[PDB]
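Structural description and commentary
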Amino acid sequence: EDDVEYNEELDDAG
Amino acid sequence: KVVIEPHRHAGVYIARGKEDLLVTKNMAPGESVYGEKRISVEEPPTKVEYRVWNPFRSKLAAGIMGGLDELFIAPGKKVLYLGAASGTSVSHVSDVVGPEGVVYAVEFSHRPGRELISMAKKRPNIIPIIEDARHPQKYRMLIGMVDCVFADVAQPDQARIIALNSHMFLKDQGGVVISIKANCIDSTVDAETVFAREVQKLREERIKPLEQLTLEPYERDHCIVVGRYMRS
Amino acid sequence: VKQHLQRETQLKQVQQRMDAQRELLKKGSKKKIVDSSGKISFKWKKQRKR
Amino acid sequence: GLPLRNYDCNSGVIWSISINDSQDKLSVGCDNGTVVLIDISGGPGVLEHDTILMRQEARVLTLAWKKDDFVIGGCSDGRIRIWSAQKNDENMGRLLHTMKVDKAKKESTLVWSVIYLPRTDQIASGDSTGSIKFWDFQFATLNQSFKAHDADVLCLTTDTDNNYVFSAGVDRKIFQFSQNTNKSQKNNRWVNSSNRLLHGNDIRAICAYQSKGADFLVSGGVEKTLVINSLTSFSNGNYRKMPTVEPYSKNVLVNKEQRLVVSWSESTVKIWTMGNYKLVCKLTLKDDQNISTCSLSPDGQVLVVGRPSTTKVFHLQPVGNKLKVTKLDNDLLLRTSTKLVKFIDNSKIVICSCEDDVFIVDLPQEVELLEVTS
Amino acid sequence: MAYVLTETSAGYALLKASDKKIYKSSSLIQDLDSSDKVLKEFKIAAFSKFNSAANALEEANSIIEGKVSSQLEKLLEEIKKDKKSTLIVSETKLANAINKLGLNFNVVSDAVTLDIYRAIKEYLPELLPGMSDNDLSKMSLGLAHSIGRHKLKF
Amino acid sequence: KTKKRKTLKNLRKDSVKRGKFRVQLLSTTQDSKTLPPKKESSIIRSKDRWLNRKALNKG
Amino acid sequence: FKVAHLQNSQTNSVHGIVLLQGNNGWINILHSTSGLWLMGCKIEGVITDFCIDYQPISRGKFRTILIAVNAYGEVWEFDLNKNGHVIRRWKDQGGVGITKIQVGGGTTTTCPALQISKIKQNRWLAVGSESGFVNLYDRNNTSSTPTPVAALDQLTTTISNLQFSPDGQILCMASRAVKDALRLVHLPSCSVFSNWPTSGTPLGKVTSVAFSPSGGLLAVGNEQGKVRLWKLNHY
Amino acid sequence: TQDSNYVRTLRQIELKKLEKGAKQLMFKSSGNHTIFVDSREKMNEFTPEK
Amino acid sequence: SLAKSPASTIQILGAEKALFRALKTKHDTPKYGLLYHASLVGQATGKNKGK
Amino acid sequence: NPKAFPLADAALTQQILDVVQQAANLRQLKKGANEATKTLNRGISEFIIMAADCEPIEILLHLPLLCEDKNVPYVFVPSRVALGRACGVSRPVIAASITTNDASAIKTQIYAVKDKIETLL
Ligand SMILES: [Mg+2]
């Protein structure tokens, strides 16, 4: 499912 | 001759030379409270006596060797010493504060206390309050504000003792210095874990930690935590 | 100072073995036990001293 | 629903907790063998260190009280210990007696549970060997031993008059021990009356309650479900198996428009779309606190995630049969506790804070609430 | 009217507080940070100075044991003229002890008052005119030894 | 792949070594108050290992 | 093991029980004839020895009390007629490394009875020890800590046999560690006899002692397999 | 016995000399000195000299 | 400090010079020290004084 | 006997007296208050055992002062007569000490008991 995945902290970092 | 020189924290000196020892200027010249060697050197010239501070005997002295960034004990300040077994360390704390400063030495056990009282006679700036530290409300009269609180009590509930004493007598932005023994609190787990819990406990008691320092090789499983008391 | 420690430790071992010899002199019943490593020790019988 | 007060025991990790009869002191068992008494008589939120009982080398796995005078603790060395906790007595904080259970040969032995029986003045203990032993408290000796279970006895409980002692453990069985008969009471002899198999897996927690209108023996364990029985009619009375998940607070929502199901569990949100069902997106949140509630706008573009600590709103954009996630910043929501959140329209929301301060946000307009009589 | 009983090596001090519920204000820290505010907030009502060390020692023990001394009673009796006054006491035991005396005082000893006592002891030598810090410190040394000799059963 | 996980680990670190001194970050006060402290893994694991030991043959 | 007499008070019938020593403080009691398991008694620590005392109640009635001692010296007393429930606990004053316990002056294994009326209570109790001390208690005169009447210490090795004369006037304490380790104590004087044993008396490694029910005969076994017999002229 | 007395007297002298000597000597500390900073950014930009 | 001393030292408290000379040279040690002036020791005679 | 502190429990006293007897057989035991004091001054005492019933108790109360000074464990056992028989002597013994020796056959038992006394302090 990693194609659709979203991680907040990774997005927060960049 | 030995070249006595300044050190970071005022009131502390290092007798640099062939023998390098931490020393403090003697409040009462001509005697040693626990048999420590005494060094006198002339400066423009007048001779001034200094006492040797043995790290293996005073955990605070082990703190200096470790190189604590900041000490709230300094000349011209009031200090509250909890767990003052005798004059082994209180006398040295009395030296750094100087005649202007005062030291409140708190102790519970009777037999070391009579030793403390005899030492307090030689040092006017030491107010010996042999009393149980768990109940600071008893000896509130004899203590005013204190700029710094030094605690050497080896108890499992010591953090409570510092909180109770700190709330009553410690200045805002005032000082707290704690000496921790891991084995007394929890011998099952390693020393580092025990130190982590104590730091967390102090934070809940409105004390921000600033520094932590293990005292090896002078002592095993011991560390000193230094924090600042923010009431706000 | 380090040399002093070595001298003290050497003296401790000498004093220990001499006491072990003195115990053999004193009254009692004893058996020598020799380990596979070759160390020789004595175990006394469980007899109360009068 | 928040921690009123965190208090550290000044000892090793906690294994067992128990309160005395007068309900003014807590006994806390530790991994390093210590038993700490904490005073709570001060008031709500007040916990003060009272005393440390005599120390020992075995882990304290369980604790029970006899009135307010003695603290009975099961240990990990296969021994039951009685400490004296009575004040004004020279024996305060000392270890009066040590009792030892039969120890398994090829395994360690642990005393998982101990309970005090006021009527017969006995201690009932369960150990890892599957035995239930009844001890005479005054003399600290064994009165009876029952080899009942085939595995560990993890919990014990008793009725109000101590006419029944119920045990349970890994073998999934609940054994009833009875002393109701008059001759049994005179001779003080317990009996392995009966047993029942009701659980699919281990039984970790058991409790008993009786009143003029109630009679419950509630048990639960690894099966993740409650099982209820009647203490008086345990052998023959009916039982109820409660549902595993009973959704009083919904963890899943459905959006009629765009055909979306959203489920949130343990700081992770999954979104599916149905025409056959595809997982369009998963949302992972850093915070440790579990998500309390999630509300989705009628359009489905705006997703609000609420926790007791903070509330975060994330905008969803459908791209390539997948949802793109962006975190819209709204500082007021971030500092706001969100017990319940609902949508007025595609833009406006209502939030009921943990303090019951209801207010409206546009993406605060507080609303008056009638005062409730105490 | 709010009164605060403050104990010192020099004497017993009663402080007359402007706010009857000064112990109910959440800004006590910012209110009592400086001497002028403490001097403004609190005014000396009565001060009994310990005539001798022996009297000081006996008086100190009475505070340790939580008992109201004769000197504290008399100095308390002077403000008895004021009807419906609140007494702020550092200790619960003394607060209970003072309560039993039946004086027309609503005695209060709460955690909030500790700010006031912390503040009162903050600027005590200024708050007591005619007394220097050194002489205040010196008697403490003299009293501190004397109390030690007693309980140590010397 | 793994580097992203390692990068995530790097962000989730509260201490770093500056030579002989280790600076450690302090958590926010609300984090401690809002939620109880984390369980110690070794302690809980010991309980579960025992209840699932081989001798029981739970199978 | 040891064999005693048990009265089933509900039926007033009397029969034999065999008592055994268990793994961890356990004492197992078996029916002498049928072999059935009747009851079990437990003590804390390592069980080291036990002995039986009878206490008559009335005409035709008597109860059996089981006395057990832990190596530390704690002494339990179980009541075998009421399902082996404890009735008393006390400590042997100054006891450590206890090895044996025995009663005398009444019925016992050495001086069994022939009918119900012959059952008599024991007035003496002796507790041995590894160090050789023998503490003697006057059972006739209760507390959690009783004081021993005397502390016999003539022997120096572990006490291995403690036997009373049928009348309870002589206590024969012997040790199986060293040769000639037998002594006879007179009661209630608690003074050891001096004329006998002598240097020349043959005893060897004394390992078994037995007093005849009558005639005052004393039989002493030794490691060599020789049972030497003496007669006490007084009886 | 006299030998044990003689050997011991030397040992006690050696111990007393050592403890006097060690008090003269100073011993470099070897221990961790943890610093505490409230912000993550302060942790990253920390430098001992500053 | 005297209380924390064992009985042997108190016996020979006042004769360190003879004692500590004797120990180093492998000779017999004194047996009276300062207690020789005690009344009880004076009453004794012969070898009993040492006992 | 409130001065006697800390006082071992029944379970611990049995274990201590077991080690004391094994030490005595190997002649690793110093018996009596005076000998126990001398070992402390020599720092060869592994730990100190004391009897609480000793009357007057003060005659052995000096040993705690030395032990705490020298960081040596100490513990009280209830009965002095039990201690004397445990040591292997015919008289009451109020204090006894286990001599330090790292080559002994009972090193493991002595250390195990030493840990318990340390915790009990
Ligand atoms: Mg022969």
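Residues numbered from 1 in each chain as written, not as in the entry; some residues may be left out. Chains lettered and ligands numbered in written order. Part of a larger assembly, values for the part shown. Heavy atoms only, no water.

As recorded in the entry header, the structure was determined using cryo-EM to a resolution of 3.65 Å.

The biggest cluster of nonpolar side chains holds 78 residues, and the ones touching the most others in it are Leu 80 and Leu 82 of chain B together with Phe 42, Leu 87 and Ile 116 of chain E. Counting residues per element, this core draws most heavily on helix α6 (residues 191–204) of chain B, which supplies five residues. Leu 82 of chain B has contacts with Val 106, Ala 133, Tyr 139, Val 149, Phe 150, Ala 151, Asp 152, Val 153, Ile 161, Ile 162 and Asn 165 of chain B, leaving out every residue within four places of it along the chain. Judged by nonpolar contacts, the second largest core, of 39 residues, contains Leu 37 and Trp 83 of chain D together with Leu 17 and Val 77 of chain J. (Core = buried A, V, L, I, M, F, W, Y, C linked by side-chain atoms within 4.5 Å. Buried < 20%, exposed > 50% of the residue type's maximum accessible area, 1.4 Å probe, protein only. Helix = DSSP H or I, 4+ residues; strand = E, 2+ residues; numbered from the N terminus. Contact = heavy atoms within 4.5 Å.)

The step from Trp 196 of chain G to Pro 197 of chain G runs through a cis peptide bond, and the omega angle for that step is 0 degrees. Structurally, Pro 197 of chain G is set in the loop between β16 (191–192) and β17 (206–211). Here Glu 55 of chain J and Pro 56 of chain J are connected by a cis peptide whose omega angle stands at -5 degrees. Checked against the element boundaries, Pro 56 of chain J lands in the loop between β2 (45–51) and α3 (62–70). Phi is positive for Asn 162 of chain D, close to 60 degrees, though the residue is something other than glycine. Structurally, the position occupied by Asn 162 of chain D is in the loop between β13 (153–158) and β14 (164–169). The residue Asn 71 of chain J is not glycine, and still its phi comes out positive at about 60 degrees. Mapped onto the elements, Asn 71 of chain J comes out in the loop between α3 and β3 (74–77). We classify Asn 71 of chain J as exposed; its relative accessible area is 65%.

With that settled, the discussion passes to empty space enclosed by the protein. By volume, the largest cavity is sized at about 80 Å³. If you go around the largest cavity, you meet 14 residues; those closest to its centre are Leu 21, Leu 22, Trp 53 and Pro 55 of chain B together with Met 26 of chain H. (1 Å grid on protein atoms, 1.4 Å probe; cavity = no way out; pocket = protein on both sides within 12 Å on 5 of 7 lines; lining within 4 Å. Points joined across faces, edges and corners; volume = space filled by probe spheres on them.)

Under the definition given, this model contains 48 salt bridges over all chains. The partner of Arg 123 of chain B in a salt bridge is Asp 95 of chain B, and the shortest N-O contact between them spans 2.6 Å. One end of the pair, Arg 123 of chain B, is in the loop between α3 (110–122) and β8 (126–130); the other, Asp 95 of chain B, is in helix α2 (residues 87–97), with 28 residues separating them in the sequence. The burial state of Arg 123 of chain B is the same as that of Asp 95 of chain B; both residues are buried. One connected set of salt bridges, linked through shared partners, spans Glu 8 of chain A together with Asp 287, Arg 307, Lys 312 and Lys 327 of chain D. (Salt bridge = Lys/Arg side-chain N within 4 Å of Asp/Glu carboxyl O.)

Contacts between the two partners involve 26 residues from chain B and, on the opposite side, 24 residues from chain E. Across the interface of chain B and chain E, roughly 2,300 Å² is buried in total on both sides, 61% from carbon and sulfur atoms. Of all residues in chain B, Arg 140, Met 141 and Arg 231 of chain B give up the largest surface area on contact with chain E, accounting jointly for 29% of the area buried on that side. Counting across the chain B and chain E interface gives three salt bridges. Notably, a salt bridge pairs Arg 140 of chain B with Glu 7 of chain E, separated by 2.2 Å at the nearest N-O pair. Inspection of the chain B/chain E interface yields seven residue pairs in polar contact. (Buried area = accessible area lost by both parts, 1.4 Å probe. Polar contact = N/O pair within 3.5 Å; in protein donor to acceptor, adjacent residues only side chain to side chain.)

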